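Below is one structure; the comments refer to it alone.
Chain letters run A, B, ... following the sequence lines, proteins first, then strands; residues in each count from 1. Below, all heavy atoms of this structure are taken into account, side chains as well, without hydrogens, waters or symmetry copies.
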Amino acid sequence: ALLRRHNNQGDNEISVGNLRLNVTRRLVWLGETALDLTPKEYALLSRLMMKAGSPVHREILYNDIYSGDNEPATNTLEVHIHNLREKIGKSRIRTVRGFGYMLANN
DNA sequence: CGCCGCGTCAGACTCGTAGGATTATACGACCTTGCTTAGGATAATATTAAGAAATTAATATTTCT
């Protein structure tokens, strides 16, 4: 409840185009079908959709999926975004060099 | 021999300490210089595939216990 009221502005459903995300139920809906999303990809997608339209920093994402203790040594955020874009479509997740990524609303 | 009159130069020491020197001022015209636009060609350079394989972290047996 807390997380939802603060970040998702109180709403239980994020509606961006054909993407619909129930953050409380952990459910992602491409159009009307359901998607099998790994934990990490779910976290990334959650964050991008909550801050709809506005690019999120790379470091914000890196913290958001990676617990302080287990921090890897190589390219992971990029691969996770790649698979998120493969399961969702290259159009949704636009790349903003230097300052992370952005989910397009328009 | 015994002045004698010219410059001449540092004169003890610790604390803080405001205002300070006018006059009267030509136009072009090259020529150069010292800094700014600008316009693409590359060159880094940040990211994206990709896959593949390698753990590796979970899922689901099944065998003990």
Side-chain angles (χ1 to χ4, degrees):
Chain A
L2 289 186
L3 203 106
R4 163 197 86 220
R5 159 81 34 208
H6 172 52
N7 311 89
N8 209 8
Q9 293 177 335
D11 224 28
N12 289 337
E13 293 177 350
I14 341 193
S15 283
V16 65
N18 63 7
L19 277 296
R20 174 191 30 110
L21 191 73
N22 290 318
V23 289
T24 299
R25 313 275 165 269
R26 291 193 297 274
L27 294 174
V28 65
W29 311 68
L30 171 63
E32 291 46 50
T33 55
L35 301 146
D36 204 288
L37 281 193
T38 62
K40 287 329 171 76
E41 296 144 7
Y42 170 71
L44 294 174
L45 182 43
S46 175
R47 213 70 170 81
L48 285 156
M49 294 177 71
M50 271 175 217
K51 294 272 211 63
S54 296
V56 298
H57 201 73
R58 160 162 311 280
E59 293 293 328
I60 302 180
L61 292 203
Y62 185 42
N63 296 115
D64 209 330
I65 62 170
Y66 269 111
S67 66
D69 62 358
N70 188 359
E71 301 272 279
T74 65
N75 63 347
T76 325
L77 188 147
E78 311 155 7
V79 191
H80 285 331
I81 301 299
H82 162 258
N83 304 323
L84 182 63
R85 252 189 219 117
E86 182 65 26
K87 294 181 176 67
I88 301 299
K90 64 152 171 303
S91 57
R92 313 330 281 270
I93 298 304
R94 184 151 321 121
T95 187
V96 176
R97 274 211 170 60
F99 183 76
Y101 301 94
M102 182 179 72
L103 181 63
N105 274 77
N106 324 297

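When each of A:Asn70 and A:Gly100 is assigned the nucleotide of DNA chain B bearing its nearest heavy atom, the one mapping closer to the 5' terminus is A:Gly100.
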Take A:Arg47 and A:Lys51 through the test side chain to side chain contact (heavy atoms under 4.5 Å, CB included) and record every step on the way to the result. CA-CA 6 Å; A:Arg47 213 70 170 81; A:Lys51 294 272 211 63; 3.8 Å; yes

Could you walk me through whether A:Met50 and A:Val23 pass the side chain to side chain contact (heavy atoms under 4.5 Å, CB included) check? CA-CA 10 Å; A:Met50 271 175 217; A:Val23 289; 3.6 Å; yes

Under the side chain to side chain contact (heavy atoms under 4.5 Å, CB included) criterion, do A:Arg85 and A:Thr95 qualify, and how do the steps go? CA-CA 11 Å; A:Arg85 252 189 219 117; A:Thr95 187; 3.8 Å; yes

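A:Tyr66 and A:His80 have parallel rings, their planes meeting at less than 30° on a 0 to 90° scale where 60° marks the start of perpendicular.
When the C1' atom of B:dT48 is taken as reference, atom CG of A:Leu44 falls 15 Å away, rounded to whole Å. One atom, CG of A:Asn75, and another, P of B:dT45, lie 18 Å apart when rounded to the nearest Å. A straight line from OH of A:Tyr101 to P of B:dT47 spans 6 Å, rounded to a whole angstrom. Distance CG (A:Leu84) to P (B:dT48): 12 Å, rounded to an integer number of Å. B:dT47 atom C1' lies 11 Å from atom CD1 of A:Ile81, rounded to whole Å. Atom CD of A:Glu59 and atom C1' of B:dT47 are 15 Å apart (whole Å).
The torsion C1'-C2'-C3'-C4' is the criterion here, and for B:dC13 it is positive, giving a north pucker. Pucker annotation for B:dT55 reads south, on the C2'-endo side, since its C1'-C2'-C3'-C4' dihedral is below zero. A north sugar is assigned to B:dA50: the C1'-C2'-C3'-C4' torsion is positive, on the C3'-endo side.
The two residues A:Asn8 and A:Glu13 have their closest heavy-atom pair at ND2-N, 4.3 Å.
A stacking criterion of 5.5 Å and 30° is not met by the six-membered base rings of adjacent nucleotides B:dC15 and B:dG16. Neighbouring bases B:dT23 and B:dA24 form no stack, their six-membered rings failing the under 5.5 angstrom centre or under 30 degree plane limit. Neighbouring bases B:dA18 and B:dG19 form no stack, their six-membered rings failing the under 5.5 angstrom centre or under 30 degree plane limit.
Side-chain nitrogen and oxygen atoms of A:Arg97 include none within less than 4.0 Å of the OP1 or OP2 phosphate oxygen of B:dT45.
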